[PDB]
Every structure is written in structure tokens, then in C-alpha cells.
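Take a look at the structure below.
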Amino acid sequence: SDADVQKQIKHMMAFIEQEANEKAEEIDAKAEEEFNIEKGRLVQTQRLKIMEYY
Amino acid sequence: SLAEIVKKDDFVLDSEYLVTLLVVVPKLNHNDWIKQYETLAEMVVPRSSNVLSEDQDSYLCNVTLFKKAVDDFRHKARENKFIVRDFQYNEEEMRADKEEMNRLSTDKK
Amino acid sequence: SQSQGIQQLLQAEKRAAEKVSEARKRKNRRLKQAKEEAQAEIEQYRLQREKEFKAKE
């Protein structure tokens, strides 16, 4: 039955949308992690050099 | 040769979640294959068998499907004697077959 | 015609590509924001250390 295969795939293709949303959420999680990591490393490295200068 | 029958419009490629597979079937068994490929694995869209050409014995088709289907699909194709012959519009290989057919004939002369 | 199956594949991939591309755009914007906020906050640290240095002088 072509219609039953169409009903099955219309459900099953939602897993590709879920995996794509999870991949985007992993890139967003990396964006949040790398924001905090990069800001912290830059600020504390320069702040130490500033405290050493003074 | 794939270079005589492969054309770009029959393929779904250059994608993260999508694949094109290629399969050979006998001309009698093709009448089952037209439906039966959809039964081999999950994640197969209906009406996605696309014949590149047919001959005195057989058919070759592309199958267009989601990436999760492919390894179960190919293995169960072989277990049912449907012969996998993957060639994903390989422009370098079709160009090599054409240029070398011309070259080796010319160089033999 | 096979377009009935093929367009369902292509639609899911286009939706997927959009969601990932938006997250990559956000990643680049957040990295730029980190540099800018670090450049603002590091000057606030410098200014406080400068005030303390002038007081000690």
C-alpha cells in the first residue's frame, strides 16, 4: 500500500527534523561554552598583566 | 558503463541527511523490485526508485532515501539477490571512462 | 513521477540546513560579542586599578 508507506514516512521523517534541531542545539551549546571560555581567558589573561603592570 | 546512463537529475546528493543508492535487478524481478525496495529498511520515502536504463536482461535504478536507511537497505538488497552498484554521479569516473575509451583506441592505432 | 518522494527528502534537508546555518551564524555572533564585552570589562578593571594606584601615590 503506497498510502500506508506515505503515512509511515510522514511520521519517520520527523526524526530528521529532531536530529537537525539537536545538531543546531549542540552548535548553540558550543556557542555558549566558547563565549564563556573565550571571554574568561581573554579578560583574566589581560587582567593579570594589568595587575602585574600596576 | 555508468558513463552511458548516469545523468544529474536522477540523483539526490551534496546533503547531510540524504543519499542516493544504485541497484541492478533482472527484468522479471524488476516487477517485484518496484515495490519491494521500500520493504528492505526504515527511513525510505515512497516512489523513489528511478531507472537510469533497461536492457535485454535487466534494469539499473537510483534509490533516493534518508541516510539512516542505507546500510540495512544495501545488505538486505544483497541477501535478496538485488545487486548493489553504487555510482553517485561520479563526474571524474565517467570522464575517465570517456576520455580513456577515446585515448586507448587512439593510442592503440 | 518520483518528485512525490524526492521533494519530501529535499524539504527535510532544507529545514535541517536552515536550523544548522542559523546556529553557526549565532556561534560567530556570540564569539564577536565575547571580544566586545571583554574589551569593555577589562577597561573597568584597568580603571579600578588606576584609581587605587593614584591613591597609593
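Readers should treat all values here as calculations from the given coordinates under stated rules, not as data from a laboratory. So basically every Cβ, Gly included, is an ideal-geometry build from the backbone, and we count neighbours across all protein chains shown.
Quick notes on this structure:
- If the condition is being more than 19 Å from B:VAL19 (Cα to Cα) and loosely packed, with under 15 Cβ neighbours inside 10 Å, then region A:1-27 contributes A:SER1, A:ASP2, A:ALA3, A:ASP4, A:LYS7, A:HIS11, A:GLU22, A:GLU25, A:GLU26.
- When residues in region A:33-54 are screened for being of a type outside the set (A, V, I, L, M), in a helix (DSSP H, G or I) and within 7 Å of chain C (Cβ to nearest Cβ), 6 of them pass.
Residue-by-condition table, conditions (1) part of a helix (DSSP H, G or I); (2) facing chain A (nearest Cβ under 7 Å); (3) in contact with a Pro (Cβ under 6 Å, 6 or more places away or on another chain); (4) β-branched (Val, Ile, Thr):
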| residue | (1), (2), (3), (4) |
| --- | --- |
| C:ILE6 | yes, no, no, yes |
| C:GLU13 | yes, no, no, no |
| C:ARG24 | yes, yes, no, no |
| C:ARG29 | yes, no, no, no |
| C:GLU36 | yes, no, no, no |
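- Residues of region B:1-49 satisfying the condition of being touching a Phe, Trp or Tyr at 6+ places or on another chain (Cβ under 9 Å) and of a type in the set (S, T, N, Q): B:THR20, B:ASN29, B:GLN36, B:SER48, B:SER49
- Looking across A:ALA24, A:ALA3, A:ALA29, one residue alone is at the interface with chain C (Cβ under 7 Å from one of its Cβ atoms), hydrophobic (A, V, I, L, M, F, W, C) and in a helix (DSSP H, G or I). It is A:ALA24.
- Those residues of region C:1-38 which are over 12 Å from the mean Cα position of the chain (by Cα) and of a type in the set (S, T, N, Q), in sequence order: C:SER1, C:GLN2, C:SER3, C:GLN4, C:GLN7, C:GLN8, C:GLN11, C:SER21
- Scanning region B:24-38 for residues that are of a type in the set (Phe, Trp, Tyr) and either within 11 Å of B:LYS81 (Cβ to Cβ) or away from chain A (no Cβ under 12 Å) (or both) yields a single hit, B:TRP33.
- Qualifying residue in region B:97-107 (condition: surrounded by 11 or more Cβ atoms within 10 Å (Cβ to Cβ), under 29 Å from C:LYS19 (Cα atoms) and either in contact with a strand residue (DSSP E or B) (Cβ under 9 Å, 6 or more places away or on another chain) or more than 14 Å from chain C (Cβ to nearest Cβ) (or both)): no
- Test: residue in region B:14-25 that is loosely packed, with under 15 Cβ neighbours inside 10 Å and among the polar types (S, T, N, Q): no
- Annotation note: Cβ proximity below 6 Å between a residue of region C:16-43 that is over 25 Å from A:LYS23 (Cα atoms) and a residue that is of a type in the set (A, V, I, L, M, F, W, C) (sequence gap 6+ or interchain) occurs for C:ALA38/A:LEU42; C:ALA38/A:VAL43; C:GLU41/A:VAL43; C:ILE42/A:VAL43.
- Condition met for B:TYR37 (surrounded by 14 or more Cβ atoms within 10 Å (Cβ to Cβ) and closer than 28 Å to C:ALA12 by Cα): yes
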